[PDB]
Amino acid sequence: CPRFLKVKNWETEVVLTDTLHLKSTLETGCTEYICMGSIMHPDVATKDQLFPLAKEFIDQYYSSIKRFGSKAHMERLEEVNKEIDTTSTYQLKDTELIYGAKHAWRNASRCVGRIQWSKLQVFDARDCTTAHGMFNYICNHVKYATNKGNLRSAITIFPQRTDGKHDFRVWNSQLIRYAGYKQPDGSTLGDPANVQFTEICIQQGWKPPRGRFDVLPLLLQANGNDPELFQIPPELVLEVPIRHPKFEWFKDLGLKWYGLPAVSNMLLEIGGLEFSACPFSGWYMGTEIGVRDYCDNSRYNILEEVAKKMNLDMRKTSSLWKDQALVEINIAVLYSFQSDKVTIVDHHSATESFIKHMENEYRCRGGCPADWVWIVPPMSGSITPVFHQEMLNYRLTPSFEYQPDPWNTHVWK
């Protein structure tokens, strides 16, 4: 690897220099002969594997607090080593846990919202032992993060992996999501994305209302036990009915969405330790709801209906009726959230903030790994500043990782 790699912004001519890539820890999937940057995704750590991953993290932490090579640094390394030697794992100090969580977010290449990385409330739930305990922790997370519409980013971290047979898992992909029900006639009610998980909930005992926007129950696995169902108290679930500033008929579509995006199926990796349940939340970029949740063909797929109500010629694709409808839907989303005073960010604001954040990272940190395929919004790409921004993608640690869906691996008791 060369020491300096330069990126160019083709709109502003600004050139940044990256050195941070030298600390790349994992493989990307790409090789010198093939690029995999648009592939979506391209038994525990032994003692000897864990030692260097821990020292790498501990070093980085003490380097961050400007106490590298100190007595405290050396003493901590020594204590960590003893733990691994005699227990095959180790426990993070609170300060370290908070640092690592913030950094996994800071290192999340695919995240456009990372200007906020250092303001993250970290809830330490490593004392949890049961699914009921998990539910309590998760409810407290939702209430705090929701904050009556004034959303605050947060993560709740459950006990790390031990032997791999005692994993804590949130089976939900997000804390709050809508059910999908496949009908005998092939149609789908609710969100098609969630059909499989909804079925599982039903099998585990959930009585489904069978509506369009039914908040799914939590399915919570503690200590490797069978997962358990819990109903999130409805008063903790903030929702926004969607309407349009001009189109008075838009409200008649009966749409709404939840205010809190809380991803809960990812794995947090700190100094070799694996936190298999670590639900985190921020706030939405409008396009997540307006473009993806509503207009993806395999989701709510409302483009046609909105277009029909707009009386657009839907005969040629070249009338751009889809594109026209797409904008109005996204306008409704932003307007509906802002009117109800629920935190949301539009794609222009988010991408402009991210460019500023990225430049600051290049200047203070020596770079900022970024995944262009993900950073660029799913609408109006080239009229956002990130479209023209060259980015370098690479994997720093601590990090958020994908993990298999738990129902594919769970050993039923």
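Numbers follow the displayed sequence, beginning with 1. In this text, rigid core is short for the largest set of C-alphas that superpose within 1.5 Å between two forms.
Each structure in 8 other deposited structures of this protein is fitted to the shown form on the rigid core, and of 399 to 407 and 21 to 29 the C-alphas lie farther away on average for 21 to 29.
Taking 248 to 256 and 291 to 299 in turn, the stretch whose Cα atoms are more displaced from the shown form in 8 other deposited structures of this protein following rigid core superposition is 291 to 299. Per the compared records, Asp43 is unresolved in at least a third of the other entries whose models span it. Counting the deposited residues that fall between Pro42 and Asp43 and carry no coordinates gives a value of 4 to 9. Higher average CA B factor: 69 to 77, of the stretches 124 to 132 and 69 to 77.
Averaged over their C-alpha atoms, the temperature factors of 196 to 204 and 146 to 154 are higher for 196 to 204. Considering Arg110, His141, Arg177, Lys246 together, the PDB entry gives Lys246 the largest C-alpha B factor. For the set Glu352, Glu361, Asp346, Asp48, the PDB entry puts the maximum C-alpha B factor at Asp48.
In the PDB entry, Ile58 places in the middle third of its chain by CA B-factor. In this PDB entry, the Cα temperature factor of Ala222 sits in the middle third of its chain's modelled residues. When all modelled residues of the chain are sorted by CA temperature factor, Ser24 is found within the highest third. Ranked within its chain, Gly254 lands in the highest third, by CA B factor from the PDB record. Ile270 sits in the middle third of its chain by CA B factor, as recorded in the PDB entry.
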